Amino acid sequence: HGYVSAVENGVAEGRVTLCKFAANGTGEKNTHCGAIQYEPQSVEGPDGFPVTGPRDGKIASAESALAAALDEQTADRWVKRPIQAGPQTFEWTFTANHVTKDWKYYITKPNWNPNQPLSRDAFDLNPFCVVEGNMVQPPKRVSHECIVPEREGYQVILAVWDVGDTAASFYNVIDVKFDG
Ligand SMILES: [Cu+2]
Ligand SMILES: [Zn+2]
Ligand SMILES: [Zn+2]
Ligand SMILES: [Zn+2]
Ligand SMILES: [Zn+2]
Ligand SMILES: [Zn+2]
């Protein structure tokens, strides 16, 4: 159980995170998130993205029954956090720091459609950042240095935390904007 955060040196909070916590240095929150608003740490679903895992249109919710609202997708629905190409630090906070296999970070394809439900066809399915977990328990907060590819405008980053001693992963999409 854990979520992408911006408490110390994280660049951008998860979509779900902003359902509960206000955005570092702007105050914005996401609204109408459903029951997951009480427990952003709980966006867990089946392993194996992208070959299996959460189906198209259910990637943002991970197929969670509490987080169905996260699968809504228009150009205006979600709070967008600024990012740039090049080095960036992503941050997870864990409420339960399970044994970890790895973390992987997907980015959307440049000319993805921001008004259709997220699918595999929306994402570059080669991750842009893979961090080894070494099948041990992380600390309660971690920072991951990643090189973010160049993009224009609104983009989504999927962060996947793959738990070493189950067949489940935690999926946090992040809404980012590469232009003001
Ligand atoms: Cu957990
Ligand atoms: Zn719960
Ligand atoms: Zn797994
Ligand atoms: Zn679990
Ligand atoms: Zn531009
Ligand atoms: Zn521009």
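Every heavy atom of this structure was used, including side-chain atoms; hydrogens, water molecules and symmetry mates were not. Positions are given from 1, in the same order as the sequence printed here.
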Calculate, to the nearest 0.5 Å, the distance between atoms [atom1] and [atom2] belonging to [X] and [Y] respectively.
{"X": "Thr17", "Y": "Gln41", "atom1": "OG1", "atom2": "CD", "answer": "9.5 Å"}
{"X": "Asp56", "Y": "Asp71", "atom1": "CG", "atom2": "CG", "answer": "11.0 Å"}
{"X": "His32", "Y": "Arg77", "atom1": "NE2", "atom2": "CZ", "answer": "7.5 Å"}
{"X": "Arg151", "Y": "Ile83", "atom1": "CZ", "atom2": "CD1", "answer": "11.5 Å"}
{"X": "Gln137", "Y": "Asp165", "atom1": "CD", "atom2": "CG", "answer": "8.5 Å"}
{"X": "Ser119", "Y": "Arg55", "atom1": "OG", "atom2": "CZ", "answer": "14.0 Å"}

How close do [X] and [Y] get, counting heavy atoms only, and between which atoms?
{"X": "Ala69", "Y": "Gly34", "value": "CB-N, 4.4 Å"}
{"X": "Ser61", "Y": "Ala67", "value": "CB-O, 3.2 Å"}
{"X": "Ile59", "Y": "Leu118", "value": "CD1-O, 3.5 Å"}
{"X": "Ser169", "Y": "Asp47", "value": "OG-OD1, 2.8 Å"}
{"X": "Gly27", "Y": "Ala22", "value": "O-CB, 3.6 Å"}
{"X": "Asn97", "Y": "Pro138", "value": "ND2-O, 2.8 Å"}

[Y] side chain reached by [X] side chain, heavy atoms, under 4.5 Å:
{"X": "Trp161", "Y": "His98", "value": "yes"}
{"X": "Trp103", "Y": "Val130", "value": "no"}
{"X": "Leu66", "Y": "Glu39", "value": "yes"}
{"X": "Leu70", "Y": "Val43", "value": "yes"}
{"X": "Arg81", "Y": "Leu18", "value": "yes"}
{"X": "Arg120", "Y": "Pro50", "value": "yes"}
{"X": "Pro149", "Y": "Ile107", "value": "yes"}
{"X": "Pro87", "Y": "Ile147", "value": "yes"}

**Message:** Salt bridge check, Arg15 against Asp175: does any charged N sit closer than 4.0 Å to a carboxylate O?
**Reply:** yes

**Under-4.0 Å salt bridge between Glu63 and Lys58** = no

State plainly whether one hydrophobic cluster holds both [X] and [Y], where clusters connect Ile, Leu, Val, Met, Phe, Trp and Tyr through side-chain heavy atoms under 4.5 angstrom apart.
{"X": "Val79", "Y": "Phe178", "value": "no"}
{"X": "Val16", "Y": "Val160", "value": "yes"}
{"X": "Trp92", "Y": "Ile174", "value": "yes"}
{"X": "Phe170", "Y": "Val131", "value": "yes"}
{"X": "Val11", "Y": "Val176", "value": "yes"}

Side chains of [X] and [Y]: do they bring a donor and an acceptor to under 3.5 Å?
{"X": "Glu91", "Y": "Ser143", "value": "no"}
{"X": "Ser5", "Y": "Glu13", "value": "no"}
{"X": "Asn9", "Y": "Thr89", "value": "no"}

**Message:** Between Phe94 and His1 (judged by ring centroids, cut-off 6.0 Å), do the two rings come close enough to count as a pair?
**Reply:** no

**Request:** Determine whether the aromatic ring centres of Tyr3 and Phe21 lie less than 6.0 Å apart.
**Result:** yes

**Prompt:** In terms of the angle between their ring planes, are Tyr105 and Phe90 parallel, tilted or perpendicular, with boundaries placed at 30° and 60°?
**Reply:** tilted

Sidechain-backbone polar pair: [X] side chain, [Y] backbone, donor-acceptor under 3.5 Å:
{"X": "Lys109", "Y": "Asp121", "answer": "yes"}
{"X": "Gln73", "Y": "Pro114", "answer": "yes"}
{"X": "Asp124", "Y": "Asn126", "answer": "yes"}

**Fill in**
Checking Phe49, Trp112, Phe128, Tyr171 against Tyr106 for ring pair (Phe, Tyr, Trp, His ring centres under 6.0 Å), the one that qualifies is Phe49

**Prompt:** Crowded around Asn111 CG? As in, over 12 foreign heavy atoms under 6.0 Å?
**Reply:** no

**Prompt:** Checking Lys177 against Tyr154: charged group under 6.0 Å from the ring centre and within 45 degrees of the axis?
**Reply:** no

**Asked** Which pairs with one or both residues in residues 119-175 pass disulfide bond (SG atoms under 2.5 Å apart), sequence neighbours excluded?
**Response** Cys129-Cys146

